[PDB]
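One letter stands for each residue in the lines below.
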Amino acid sequence: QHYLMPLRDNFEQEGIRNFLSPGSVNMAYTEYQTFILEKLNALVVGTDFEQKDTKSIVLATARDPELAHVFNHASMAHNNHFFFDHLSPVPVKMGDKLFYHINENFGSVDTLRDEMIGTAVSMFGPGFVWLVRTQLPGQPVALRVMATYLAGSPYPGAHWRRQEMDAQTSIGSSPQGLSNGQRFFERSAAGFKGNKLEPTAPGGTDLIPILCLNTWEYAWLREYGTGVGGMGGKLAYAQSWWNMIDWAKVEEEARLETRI
Amino acid sequence: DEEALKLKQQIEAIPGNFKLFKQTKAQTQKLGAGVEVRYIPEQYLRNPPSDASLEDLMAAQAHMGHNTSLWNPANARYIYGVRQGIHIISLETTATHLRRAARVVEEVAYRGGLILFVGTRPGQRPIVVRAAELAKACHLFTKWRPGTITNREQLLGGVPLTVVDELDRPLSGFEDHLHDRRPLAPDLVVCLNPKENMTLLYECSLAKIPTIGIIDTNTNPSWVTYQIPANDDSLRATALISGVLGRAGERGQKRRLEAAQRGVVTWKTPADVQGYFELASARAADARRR
Amino acid sequence: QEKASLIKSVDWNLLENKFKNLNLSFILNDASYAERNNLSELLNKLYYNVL
Amino acid sequence: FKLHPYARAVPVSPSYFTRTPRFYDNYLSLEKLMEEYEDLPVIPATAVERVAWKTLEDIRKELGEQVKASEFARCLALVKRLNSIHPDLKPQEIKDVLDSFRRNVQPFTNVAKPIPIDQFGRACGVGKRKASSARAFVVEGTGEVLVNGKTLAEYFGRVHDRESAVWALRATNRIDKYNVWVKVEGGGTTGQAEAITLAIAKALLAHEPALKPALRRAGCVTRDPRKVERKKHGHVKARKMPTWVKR
Amino acid sequence: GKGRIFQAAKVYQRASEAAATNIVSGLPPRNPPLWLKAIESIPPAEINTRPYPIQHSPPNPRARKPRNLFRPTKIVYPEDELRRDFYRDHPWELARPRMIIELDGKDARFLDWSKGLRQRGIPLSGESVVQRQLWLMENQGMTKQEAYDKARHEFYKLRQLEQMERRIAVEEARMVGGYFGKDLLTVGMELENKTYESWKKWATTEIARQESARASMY
RNA sequence: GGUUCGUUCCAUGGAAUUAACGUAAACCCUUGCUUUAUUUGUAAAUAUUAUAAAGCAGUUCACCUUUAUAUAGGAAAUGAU
Ligand SMILES: [K+]
Ligand SMILES: [Mg+2]
Ligand SMILES: [Mg+2]
Ligand SMILES: [Mg+2]
Ligand SMILES: [Mg+2]
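Residues numbered from 1 in each chain as written, not as in the entry; some residues may be left out. Chains lettered and ligands numbered in written order. Part of a larger assembly, values for the part shown. Heavy atoms only, no water.

Structure determination for this PDB entry is given in the record as cryo-EM, at a resolution of 3.10 Å.

Q: What is the right way to read the overall build of chain E from this model?
A: From N to C terminus, chain E includes five helices and zero strands. Scaling as 2.2 N^0.38, a compact globule of 218 residues should have a C-alpha radius of gyration of about 17 Å, whereas chain E reaches 34 Å, well beyond that. C-alpha atoms of chain E, sized along the principal axes, occupy 100 × 80 × 60 Å. Sorting the 218 residues of chain E into buried and exposed places 27% on the buried side. Taking contacts inside chain E between residues at least 6 apart in sequence as the whole, the part at least 24 apart equals 40%. Looking at charge distribution, chain E has the averaged site of its 38 positive side-chain charges lying 9 Å from that of its 28 negative ones. (Helix = DSSP H or I, 4+ residues; strand = E, 2+ residues; numbered from the N terminus. Rg over C-alpha atoms; globule rule 2.2 N^0.38 Å. Buried < 20%, exposed > 50% of the residue type's maximum accessible area, 1.4 Å probe, protein only. Contact = heavy atoms within 4.5 Å. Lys, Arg positive; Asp, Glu negative; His and termini not counted. Charge placed at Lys NZ, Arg CZ, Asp CG, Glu CD.)

Q: Even after reading the chapter, I still don't get the environment of E:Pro44, so can you show me in this structure?
A: By the element assignment, E:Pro44 lies in the loop between α1 (11-18) and α2 (78-89). Residue classification places E:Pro44 among the partly exposed residues on the basis of a relative accessible area of 32%. Not counting residues up to four positions away in its chain, the partners in contact with E:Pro44 are B:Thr225, B:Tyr226 and E:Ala9.

Q: Please clarify how the arrangement of the chains should be interpreted in this entry.
A: Most contacts, compared over the five pairs of chains touching, are made between chains B and E. What separates chain A from chain C at the closest point of their C-alpha atoms is a distance of 46 Å, and the two make no contact. Nothing in chain D touches chain E, and the closest approach of their C-alpha atoms is 10 Å.

Q: Sorry if this is basic, but what is going on with the sheet that holds strand β3 (residues 79-83) of chain B here?
A: In a beta sheet, neighbouring strands are held together by backbone hydrogen bonds and run either parallel or antiparallel to one another. All names here are of chain B. Strand order in this open sheet of three strands is β2-β4-β3, and the pairing throughout is antiparallel. Every other strand in the sheet has two partners, leaving β2 (64-67) and β3 as the edge strands with one partner each. Going across the sheet, the axis of each strand differs from the next one's by a mean of 30°, ignoring polarity. Both β2 and strand β4 (residues 86-89) contribute to a ladder of two bridges, which runs antiparallel. Its bridge partner being in β4, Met64 is matched across the sheet by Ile88. (Pairing = 2+ DSSP bridges. Axes fitted to C-alpha atoms, helices over the stretch in contact; angles between N-to-C directions.)

Q: I'm lost on the interface of chain E and chain A in this one. Help?
A: One frequently used descriptor of interface size is the decrease in accessible area upon assembly of the parts. Taken together, the contacts link 24 residues of chain E with 31 residues of chain A. Summed over both partners, the interface of chain E with chain A buries about 2400 Å², with 62% contributed by carbon and sulfur atoms. If you sort the residues of chain E by the area they bury against chain A, E:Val176, E:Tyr179 and E:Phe180 come out on top, with a joint share of 31%. Applying the counting criterion to the chain E and chain A interface returns zero salt bridges. One can count six residue pairs in polar contact joining chain E with chain A. Those elements giving two or more residues to the side of chain E that touches chain A turn out to be α4 (144-174) and α5 (184-214) of chain E. It is α4(E) that contributes the most residues to the side of chain E that touches chain A, seven residues altogether. Partitioning the side of chain E that touches chain A into residue classes produces 12 nonpolar, five polar and seven charged. (Buried area = accessible area lost by both parts, 1.4 Å probe. Salt bridge = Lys/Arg side-chain N within 4 Å of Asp/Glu carboxyl O. Polar contact = N/O pair within 3.5 Å; in protein donor to acceptor, adjacent residues only side chain to side chain. Nonpolar A, V, L, I, M, F, W, Y, C, P; charged D, E, K, R; others polar.)

Q: Could you clarify how one ought to interpret the protein's contact with RNA strand F in this entry?
A: Near RNA strand F there are 40 residues, and of these C:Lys8, D:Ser70, D:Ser133, D:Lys183 and E:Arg4 occur at the shortest range. The contact atoms of RNA strand F, taken as those within 4 Å of the protein, divide so that sugar and phosphate hold 69%. Between RNA strand F and D:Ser70 there is a distance of 2.7 Å, counted from a phosphate oxygen to a side-chain nitrogen or oxygen. Within the residue set of the surface near RNA strand F, elements represented by two or more residues are α6 (152-155) and α8 (198-206) of chain B together with α3 (69-83), β2 (123-129), β3 (132-139), β5 (179-183) and α9 (212-218) of chain D. The leading source of residues in the surface near RNA strand F is α3(D), at four residues. (Near = heavy atom within 4 Å.)

Q: Explain the pairing of β3(D) to me, please; I cannot follow it from the model alone.
A: Regular strands have side chains that alternate between both faces of the sheet. Residues and elements named next belong to chain D. Side chains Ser132, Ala134, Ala136 and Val138 project from β3 onto a buried face, and the interleaved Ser133, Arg135, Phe137 and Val139 project onto a face without burial. Pairing analysis gives seven bridges linking β2 to β3, with the strands arranged antiparallel. Bridge pairing in β3 places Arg129 opposite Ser132. Hairpin connection between β2 and β3: a loop of two residues separates the two successive antiparallel strands, and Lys130 in this loop has a positive phi of roughly 75°. Sheet topology note: the β3/β5 ladder contains five bridges and is antiparallel.

Q: What exactly am I supposed to notice about the packing of helix α4 (residues 91-110) of chain B against helix α9 (residues 235-260) of chain B here?
A: For any two helices packed against each other, the geometry is given by the interaxial angle and the distance between the axes. Residues and elements named next belong to chain B. Contact geometry for α4 and α9: axes closest at 7 Å, N-to-C directions at 35°. Handedness of the crossing formed by α4 with α9: right-handed. Contact residues: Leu98, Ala101, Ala102, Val105, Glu106, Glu107, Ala109 and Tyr110 in α4; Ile241, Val244, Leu245, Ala248, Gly249, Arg251, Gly252, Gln253, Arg255 and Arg256 in α9. Here the contact of α4 with α9 is composed, by residue class, of 10 nonpolar, three polar and five charged. (Left-handed = near helix turned anticlockwise from the far one by under 90°.)

Q: What exactly am I supposed to notice about the packing of aromatic side chains here?
A: By convention here, two paired aromatic rings are described through the distance between centres and the angle between planes. By the definition in use, this model includes 26 aromatic pairs over all chains. Judged by centre distance (5.4 Å) and plane angle (85°), the ring pair of E:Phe86 and E:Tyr87 falls under edge-to-face. Side by side, E:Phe86 and E:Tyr87 carry an identical accessibility label, which is buried. Members of the aromatic cluster, connected to one another through ring pairs, are B:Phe141, D:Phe23, D:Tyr24 and D:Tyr27. Over the ring of C:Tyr33 we find C:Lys45, and its NZ or CZ is 4.6 Å from the ring centre. (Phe/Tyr/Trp six-rings, centres within 6.5 Å; stacked < 30°, edge-to-face > 60°. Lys NZ or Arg CZ within 6 Å of the ring centre and 35° of its normal.)

Q: Looking at this structure, how should I read the sheet that holds strand β8 (residues 188-191) of chain B?
A: Residue and element names in this part refer to chain B. With parallel pairing, five strands are arranged side by side in an open sheet as β6-β5-β8-β9-β10. Whereas interior strands pair on both sides, the edge strands pair on one side only; in this sheet they are β6 (138-140) and β10 (226-227). Along the sheet face, α4 touches β5 (115-118), β8, β9 (211-213) and β10 and points at about 145° away from the line of β8. Of the strands in this sheet, β5, β8 and β9 touch α8, which is tilted by about 155° from β8.

If you want it as structure tokens, here you go:
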């Protein structure tokens, strides 16, 4: 059975000093991850996934509709803990190599700062904001930002459940509406028939999620409050989170090719 | 043209992709939650257990006897009951006999005995070879050639031998003895399917050699010296039983070598090699006088 | 091994297969080796010399 | 100087009681390499360079054992499987193990010498039939055939033989484009005529080597090896036996 | 006698005596086999001794001349009766695959049926209902039918939510741009096409066969 | 139980593992080709008959089919030779 594991740097007992109080982290991870895992266990209590890791379940249990509900819990548990394994008790100084490459893809550290934060509030829904490292056979390593609705896997092997666009407000009668509509059907028709829209390298190495940001309500609704009056709120939650990013660990997962 | 060139670029990109794919598999995997992996198919080979508990024996289907009709009333001493139309071998009866046999394998290996692990079935080759490595014994995963013990002079005529000592290292000076010496015979046979090969077990009893076998519900328990009532048709129980016996030999070999480093040999020269020493002194005596 | 058969393969160590043009005007005319013009040296590379 | 006080005989190879000790030891080694390097990627079958692996007999001789064909068939699969590994990623160990299964045999080469063409333009073909050996000198003539100095009608009285003598020119419809001067010796009437057929065929090919597929189907390329059988003692002829009296 | 005289139980006795004295009378006996001392203090177990087997059910007290006294008896538990009843009331519960491959055998250590149907390590199936039923019937002194009703009803509610999640999962997933593969319904129909076409060929052939076979009757 | 011209070959048997002879292989004649030799044989000749020493060559390759996946076979004037 899947069981809850400790956090990175004893955040369960102490929590981040200036980002999330210990009580908030308790309700955000210990009292939520346990709930998700409890449900997940009951689902895979007697299937092949009884001993598979979360990621393996995510990728494996993606295309199949009959197991959609299993993907949610497995993916949510993964993304949730993926979001806590990138914070740090004290702010870390951005690495030089990483600092340079960021400016080459986003123009500045602040340009990307306001993009991820802006994307969060723009969504107006629970989701995860990622930082993905794109790479193609001949194209150099290029970074980009991705938004995943509810439980969305940023990996290319889980393209079926990427959930990058809310079909409610993104498909209308306007010129953009029709364009978004075609893509929506093009993906469904392709996936259903088994055709591949965008070629991906074997092993799912094209995209590597480096950093994540959990925008779900339970995470920030307690410490920062409803946000009425702009004091605190979801906006402040994203801002404060930007100060605890463990840029050192972020650089490691980036695995940028030496080009300096 | 372009179709063939594509294959080239791919074949030239596998090394780079493999390295990157391996690195990415490290950090990403294990992040979501701790899995409680409590069973792996190849766990009885990578790390077999020292002793097998009732749970291990029941989890490996070591109690599924054969159909009620195809039974041997002789071995009704181990049957527990009847369910699903088959005889259920008592779990405790298996564990008791298994621990006993494990003690036999250990002592025989502790006294410098030559053990032979015999499993002759489609998927028993890796199990027997692994057990032999641990116990430093001989393996056999094919049809036992009839007459390799009673007629060893012919069958095992050309196979080479060697002479070792306390610390299992060659002894130069026995060149003349390794040509008149007759082939060896196993000091202990550990069969994993006595029902199949009865010609081997008969030569053991005919040559006064102890044997260990996995007696099923339809196997005659009078063929082997030490019985291990269990399910022989299961590749998962056979790996467990063999693993336990392999660790026994390993533990036995360890004690022997530990006692040899202290100048305490736990075995005296065999009768065959003993005779050579007597002849050696006789030939040497002539040189002294002459 | 005593009863095992032999496969038929070109033995390129045979004096007939080594040099297919036995004329000395071609073997000693700097075909492949250098400064072995002497006939005696060539023979030594083919037969065991006792002297 | 004397022997060690304690000593005991121990088998060298662990597979001491197996059918083929030397073979299984080498086979288990492969299986041991197919368990730690089995995760390395592979190459498509059609992209694997062709290797002439050893045969069952070769292994039997080099090992001195009687390895079973079935067991060797499954051992060869490991070689093919371990050979599909990417060369750059393939380890040195497997490489050393994959060179002992290669078959270094080279069949003998016997290239026949092509028939030249004289300065004046005559090709000399040779044919034989049952006693004879013809020598046809084919030039770019106009259809005048001379057999042993005489013409075709003065030498062969049977029109069946005249046609078969120059059949090569008739099948390819070149009777009026070549002059043939043949010299035949030995054999009878038809024996010599058939010999001239194969002779003109070979000579004609020297000028136009592209006619062999047609001559193949016309029956002017095969050397009929049928030969008069010898008389055997006890027999009236090659096979005829004297009257066997039962009583 | 198609059998052979096995003496595997006397290898030590026979070997020990052979190594007692030398064949050349007037010499010290040579060293015995290396295994003789290893199994010296480990005699073989007794075999071929038909005991009174374990009686898993009360033997017929009326039988005056009972037979098959040395025959193992059948193992019957109180659950067997309940399992038969439930699975007969829910035959399509057998189509739900159930794994009988034990992982480590320690699955009955965390089963506490006082809590409810849901347990650690085992899936929600008919067995959980039976064990829960048996618990209520024994501890809470309920009747077979009463305990059956209670536990059975809990089984339904847990299965209802499971089926509702599937529908709501796929539906909600498409609201945010989520596409899936071929459903089981579509796949099933495709396979029938390949099989139905094969039947058409066979039918056409045999039909033509009979037609040609009918020309010979006249 | 299959297979093969053949106790050949593969598989298998609660008994097999081997040796000698026969078989097979090899040899003699014969067939194509390569090299060597040119008289007493060959019209000429830069060598092609003949003469005779050694060497190579086949069911080899191609096609088709094929069992238990272990051992293979078919086709014969219109694949090569
Ligand atoms: K005749
Ligand atoms: Mg059995
Ligand atoms: Mg036989
Ligand atoms: Mg002359
Ligand atoms: Mg000639």
